[PDB]
There are 4 protein chains.
Amino acid sequence: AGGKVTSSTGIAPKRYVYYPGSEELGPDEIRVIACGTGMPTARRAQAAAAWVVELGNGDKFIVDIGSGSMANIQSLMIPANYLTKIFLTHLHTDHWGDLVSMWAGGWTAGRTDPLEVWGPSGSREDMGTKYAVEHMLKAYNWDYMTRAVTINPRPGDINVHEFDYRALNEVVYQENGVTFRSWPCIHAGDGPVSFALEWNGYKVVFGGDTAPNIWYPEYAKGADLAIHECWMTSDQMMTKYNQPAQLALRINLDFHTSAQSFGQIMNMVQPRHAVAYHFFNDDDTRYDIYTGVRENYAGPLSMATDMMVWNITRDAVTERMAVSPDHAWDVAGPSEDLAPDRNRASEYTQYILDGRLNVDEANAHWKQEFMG
Amino acid sequence: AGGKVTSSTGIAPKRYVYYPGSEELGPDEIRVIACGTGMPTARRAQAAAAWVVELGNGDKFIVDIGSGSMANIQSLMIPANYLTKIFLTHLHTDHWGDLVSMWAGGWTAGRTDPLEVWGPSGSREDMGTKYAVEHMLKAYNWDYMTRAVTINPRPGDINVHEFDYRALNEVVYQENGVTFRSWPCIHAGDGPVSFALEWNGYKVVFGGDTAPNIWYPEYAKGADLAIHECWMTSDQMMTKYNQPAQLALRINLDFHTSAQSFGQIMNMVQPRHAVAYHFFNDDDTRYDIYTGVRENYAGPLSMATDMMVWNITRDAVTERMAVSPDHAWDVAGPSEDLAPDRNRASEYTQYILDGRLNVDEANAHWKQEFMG
Amino acid sequence: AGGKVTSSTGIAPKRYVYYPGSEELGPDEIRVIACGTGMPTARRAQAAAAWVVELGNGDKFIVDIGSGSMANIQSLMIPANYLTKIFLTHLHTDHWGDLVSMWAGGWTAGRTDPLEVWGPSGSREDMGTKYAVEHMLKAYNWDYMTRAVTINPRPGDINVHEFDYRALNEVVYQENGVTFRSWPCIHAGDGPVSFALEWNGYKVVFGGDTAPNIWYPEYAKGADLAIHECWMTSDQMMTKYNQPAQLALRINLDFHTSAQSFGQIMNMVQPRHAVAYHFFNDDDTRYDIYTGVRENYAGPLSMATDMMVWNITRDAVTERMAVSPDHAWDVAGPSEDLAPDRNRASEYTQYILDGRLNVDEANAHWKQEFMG
Amino acid sequence: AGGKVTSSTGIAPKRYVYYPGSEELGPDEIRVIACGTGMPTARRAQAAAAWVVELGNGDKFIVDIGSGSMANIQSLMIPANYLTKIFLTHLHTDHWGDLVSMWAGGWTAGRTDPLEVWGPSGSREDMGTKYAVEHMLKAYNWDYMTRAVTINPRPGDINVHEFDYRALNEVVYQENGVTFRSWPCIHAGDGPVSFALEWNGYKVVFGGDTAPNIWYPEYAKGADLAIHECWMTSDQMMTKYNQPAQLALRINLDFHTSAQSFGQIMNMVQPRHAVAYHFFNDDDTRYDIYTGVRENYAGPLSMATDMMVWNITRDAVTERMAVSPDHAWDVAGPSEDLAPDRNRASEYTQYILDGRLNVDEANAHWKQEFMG
Ligand SMILES: [Zn+2]
Ligand SMILES: [Zn+2]
Ligand SMILES: [Zn+2]
Ligand SMILES: [Zn+2]
Ligand SMILES: [Zn+2]
Ligand SMILES: [Zn+2]
Ligand SMILES: [Zn+2]
Ligand SMILES: [Zn+2]
């Protein structure tokens, strides 16, 4: 498996797994990594929805950042200043839960620009991304104010770009030859959308969560890589969540897209490669779901799980697994100093500061040796 | 290792590893489970700070619920109805970022009561826990309002019991034989605290985070299990983060509790069992840290890592590892069918519901089999 | 998922995963664990062929013991003395490579009786199991003679029971109500067999390796669990091993059991549950293999991987995953240590023993402590 | 951690973890990878002893290849043809058990030269390496003869280079500027040795198994990297193995090198870097072991676990962890395909070949698509 090794001290070429940080991206390539593929129920094996998209022009995007995903994203050895741009298909906790962790973690880890978030309005102010993000920041104001005492705060801001959820395949981002468009989904209530990213001839479709709708088939047409929700079977709804037969049946018809519906939709879309996700990918779930999709779609397919990666070039769409460090550490980028802000009041009172215990004796040993 | 196996078809007794869900609790026993031991920087091997405490009387508590920790908590096979009470030492994202995830995932998973959260206050309203949780609930307002359309809102509420962060060893909860007391910490700004849980003649202390202070050695005195921050060394600060010397030296004296200070602190407390946590536990960091500690403390000592477990009994404090499923699933409890509040208006508009794709034909085949 | 949890302090019942050591086996139940499911090529995710069978009368067998399987087998927390009987289907390294590690490690793990091994003859003496095992013992002469000086050597014998490979469904074992029959396979050269195991109404078939043959369909009919080889596709052969199309094609017609053949065979067998094994079980191989099998067979099917477990009952064959410890240990049994025979030659010379380093000093301190 | 990333589309330099196959080895550099560090008891976390050594001139060696190590070795993505040279410290199963798996597996994976094995003599013929490997090949004669029908048999040979175990730091290998030397150990009986590899001013010492002895401290002196056995504590011996107090005490005195002894030894040796191995490396064992060593040794130290890697250069010896695929595959090297031999009698008799099942019908669908 992999490319043929040509030399003893050389590098293994065309490696059968993706090792994050070890492969150059070419000018006419896209790399998409599934950093979370699962549910609102947590599990170590699948974080919640998150995709990282790296373009050969050097731009990098996050689409969705669900609870748990930060640990996958941080294992990619991408410096935090390259991952400042985040798109949210909707405001379920399992699609934006780890935004806080990107915001706060990315900032101790040396981001120097503000985060930029694109996401959808709702049917009124208090159901859209602008309201959501603004209150999150208040939610974590203790965290914000104490951190800002010691680190310039400009990177701790979040610039939100709220776009109209109702719009039909309209542009919501356009920069440096890259376009994002959105269109709506039908999912729990008004707000959710799907994105399409266009760049240098490629189209990548990030479906989000949805019951089957008429817009995705139209606007995802011809994607190089098309991602869509694909639910666990009604038989698995009974075994796993002990649901009555009637409610089990409805889930795969009213509330969610079934594997059979996914098959029809990808049959319509005709992409170079489809990707089913948002189901628990276990040894006793995955096969029936595959078979349901194959009822109606015959083309290249990926059954998504965490750390799956696609390389999109002219000639091919290649699925591999990424093998990344469990004991991850932040990795530094080329960015430099921002001089801390002198105009920040301490959030300590003298009362607390008087509580300090004397520990000079116990530390004098290591403290002495270290000062060489 | 473990108890002598005596039967061919029986059950291995007193197992060398803890299998969650497999052992009964007994009326004089406490079980403490580290569900996160890490840093604000995320990592598959270490979720951020979380602790689960199950008591002999059937009571359960989460102390801290940092980002990523839910996946570990979920692998315990404890029904969502039994973990409704959560205690926060401080408002840093790595000590309550997964609250939203408990709140949202638990509610979907049939939790029937509201979550209950105790946390400190700050030097003013916008720096304390009641303000944080209030704005957290607004942050996830879309999620709340849409889920509340098909599920009774009562489990979606969160009752916040704020307490004065300045109080010295005062009682903050008192129920069913169980007491918690708080005292202050010295950590980034006013607000952060430690807890001591007292029950049935047991005392268990949760340090949260702090620089060494005079309050912990006093009020933690003779704990069965005492938990305190223990930071990485200054040589490791220079190697892992590329800190210059002066700054690395100070991280361990002014901002954080060094291993040498932790030992001193535990030499004072004289507990049954001491736990160091809040450092990246790796094959190249851990040993120098345990050796800084032993300089000043020689009692029993745990170097915590995720899914480590302590059994408190009269005879001993026993450390084991937990071996849980990575492919976790929610596990049902006793609690009943609490019905939808049918007055709740839908959150869809007709403009969205109007885009449903027709998928009758595609689903006809499996619809028919499942019905018959 | 799993069974309804009924008390805070008690035990979760009918658990969705099998924790080895934590469940009783009932007088009318079979438990089959896959301890290896892989190939002649090694891999942490899949050891080579090995099967553990625990019967409700308290009998235990290993059918095959391929290279790498001991780590999985030793995670079952089964005492070494319960695992003395071993059936080999054939003599490829991936089916008996770990015999020696059972022999040696098991002996130090406690085993007190001889290992006992059943396996087939070949077309001449030097192609059979007696020759094989006897020469393996000579290969490890040094380890055996040196270990025997210190102990009674009885547990280091291996008694081999060779049976004719040509025989059609004849009994090779019959003890305590358990029967085993064998019949032939077509696989590399004369000698490999498949086993049927019968006890208390149940029938479990261990197919081993084989190109498709007339004996399996006949003698495997009506098995509770039928295990058979099921190969990787010809596309995957060209993709992963760079086979030119012609050779890739015949790999699936001449030499191995194709997925479609597997389906045809299990079609004729009509087991309660069929098991496919012996392929690399990766996110990018298993779907085309499953689909191959479903062309021709629609009864219950398992796609094996390591640590899969089947519980067999009158009412059901249930598939679970086992969750067992990676940091496994020797677990002590009832078996009691027997008296040696003061009559074996030492294997040291004095030239060697006169090289001992004087370490008295460096060991004095911890010595002093330990004599408490 | 790691080098600073300089570009969006570029490769992370000096990565904080080692991804096998991804790094060029410099002309004046050695890379040593621990592919097993455990015991004769099997465990997923710790294969039995195995070291892979890669030199900057393109030469590679395996020192020990114990049970279970092959899965780790195979994850390194080195073509079988580059790892034909194997050095055995001694003839315990946990040091050469997986030799049969290198032999068979690498042959079916396009190794085209014979394996070359160096190992010690014993006090008489039947306690040496030559005898041992001769009988290992006979033990697996069914596998050997059936394979040589279809694959050229040359690479199925093992040339054994036996050397005198008694020799005191004498060359046993010399080639292309690379020297291995051996000296005796005291372990179980006469035969075991330790090795030193010398090349290009570097010295790496592979301890093997031994009670403390006068030879290692003298001949390992000034090693760039030195490896020695470091046994579990006597207390851990009573907890984990239930050894009575006196038995547990002599184990660390007469039979093994205690951690305190390790430390004295390394204090004499003064290696640029020391490495302890051959203990179960667990959260509840490692710490006291490390404390043991530091009683007497203060220099750089690693506590070996599986997939740890050392880079040795002129400036530094760096420890890192290797992160490699669990789902491993053979990778092909540059070599010339070896044509078989037709003068090889089949190992099939017609009696078995007459048993083939016809499967043209079940296979006709996929057959047709695949041929076009
Ligand atoms: Zn959603
Ligand atoms: Zn979702
Ligand atoms: Zn904090
Ligand atoms: Zn913290
Ligand atoms: Zn075979
Ligand atoms: Zn095989
Ligand atoms: Zn040995
Ligand atoms: Zn050994």
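Residues numbered from 1 in each chain as written, not as in the entry; some residues may be left out. Chains lettered and ligands numbered in written order. Heavy atoms only, no water.

Per the deposited record, determination of this structure is attributed to X-ray crystallography, with the resolution reported as 2.2900 Å.

A look at the packing of aromatic side chains
This model, assessed by the stated rule, comprises 107 aromatic pairs over all chains. A ring pair is formed by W215 of chain C and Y351 of chain D, whose centres lie 6.4 Å apart and whose planes are at 35°; its orientation type is tilted. Placement of the pair is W215 of chain C in helix 6 (residues 215-220) and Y351 of chain D in helix 11 (residues 350-353), with the two residues belonging to separate chains. Relative accessible area serves as the criterion here: at 6%, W215 of chain C is assigned to the buried category. (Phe/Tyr/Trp six-rings, centres within 6.5 Å; stacked < 30°, edge-to-face > 60°. Helix = DSSP H or I, 4+ residues; strand = E, 2+ residues; numbered from the N terminus. Buried < 20%, exposed > 50% of the residue type's maximum accessible area, 1.4 Å probe, protein only.)

Here's the deal with the pairing of strand 3 (residues 60-65) of chain D
All names here are of chain D. Taken across its six residues, strand 3 has six buried, putting it largely inside the fold. Sheet topology places strand 2 (residues 50-55) next to strand 3; five bridges connect them, and they run antiparallel. When the sheet's bridge partners are listed, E54 is paired in strand 3 with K60. Connecting strand 2 to the next strand, strand 3, in antiparallel fashion are four residues, including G58 with a positive phi near 95°. (Pairing = 2+ DSSP bridges.)

Structural notes on the coordination of the zinc ion (ligand 8)
Residues and elements named next belong to chain D. Every protein donor of the zinc ion (ligand 8) is listed here as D94 (OD), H95 (NE2), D209 (OD) and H278 (NE2), and their distances to the metal cover 2.1 to 2.5 Å. Between the four donor atoms coordinating the zinc ion (ligand 8), the angles at the centre fall across 86 to 157°, so the site counts as irregular. Relative accessible area serves as the criterion here: at 2%, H278 is assigned to the buried category. (Donors = N, O, S within 2.8 Å, 3.2 Å for Na, K, Ca; no water. Tetrahedral: all angles 85-135°; square planar, octahedral: opposite > 155°, others 65-115°.)

Structural notes on the coordination of the zinc ion (ligand 4)
Residue and element names in this part refer to chain B. Only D94 (OD), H95 (NE2), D209 (OD) and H278 (NE2) from the protein reach the zinc ion (ligand 4) as donors, at distances of 2.0 to 2.7 Å. Between the four donor atoms coordinating the zinc ion (ligand 4), the angles at the centre fall across 90 to 166°, so the site counts as irregular. Of note, the donors binding the zinc ion (ligand 4) are all from one chain and are spaced D-H-x113-D-x68-H. Taken as a pair, the zinc ion (ligand 4) and the zinc ion (ligand 3) show a spacing of 3.1 Å, with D209 coordinating each metal. Here the residue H95 occupies a position in helix 2 (residues 93-96), and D209 occupies one in the loop between strand 11 (202-206) and helix 6 (215-220), the gap between them amounting to 114 residues. Exposure class is identical for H95 and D209. Each is buried.

Details of the relation of the copies chain B and chain A
Least-squares fitting of chain B to chain A yields an RMSD of 0.3 Å, with the superposition described by an axial translation of 0.0 Å and a rotation of 180°. Such values leave the two copies arranged in the relation of a two-fold axis. Residues of chain B ranked by C-alpha distance from the rotation axis are headed by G68 of chain B, positioned 2.3 Å from it. Here 96% of the interface residues in chain B have copies in chain A that are interface residues too; the copies meet face to matching face. (Least-squares fit on C-alpha atoms. Contact = heavy atoms within 4.5 Å.)

Topic: the interface of chain D and chain C
The partner chain C presents 109 residues to the 110 residues of chain D that form the contact. For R124 of chain D, the salt bridge is made with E347 of chain C, and the minimal N-O distance between the two is 3.1 Å. At the surface where chain D touches chain C, the tally comes to 48 residue pairs in polar contact. At eight residues, helix 12 (residues 360-371) of chain D tops the list of elements feeding residues into the side of chain D that touches chain C. In terms of residue class, the side of chain D that touches chain C is made up of 53 nonpolar, 35 polar and 22 charged. (Salt bridge = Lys/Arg side-chain N within 4 Å of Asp/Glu carboxyl O. Polar contact = N/O pair within 3.5 Å; in protein donor to acceptor, adjacent residues only side chain to side chain. Nonpolar A, V, L, I, M, F, W, Y, C, P; charged D, E, K, R; others polar.)

As for the interface of chain B and chain A
Every contact between the two is made by 110 residues of chain B and, on the other side, 108 residues of chain A. Between chain B and chain A, roughly 9400 Å² of surface is buried when both sides are summed, and carbon and sulfur atoms account for 60% of that area. Applying the counting criterion to the chain B and chain A interface returns four salt bridges. The tally of links from chain B across to chain A stands at 47 residue pairs in polar contact. Here the side of chain B that touches chain A gets seven residues from one element, more than from any other, and that element is helix 8 (residues 245-255) of chain B. (Buried area = accessible area lost by both parts, 1.4 Å probe.)

Comments concerning the environment of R44 of chain B
Within the fold, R44 of chain B resides in the loop between strand 2 (30-36) and strand 3 (50-55). Linking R44 of chain B and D306 of chain B, residues 262 residues apart in sequence, is a C-alpha distance of 9.9 Å. Beyond its immediate stretch of four places on either side in the chain, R44 of chain B contacts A71, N72, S75, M307, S324, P325 and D326 of chain A. At a separation of 2.9 Å, a polar atom in the side chain of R44 of chain B contacts the side chain of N72 of chain A. Side chain to side chain, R44 of chain B and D326 of chain A meet in a polar contact 2.9 Å long.

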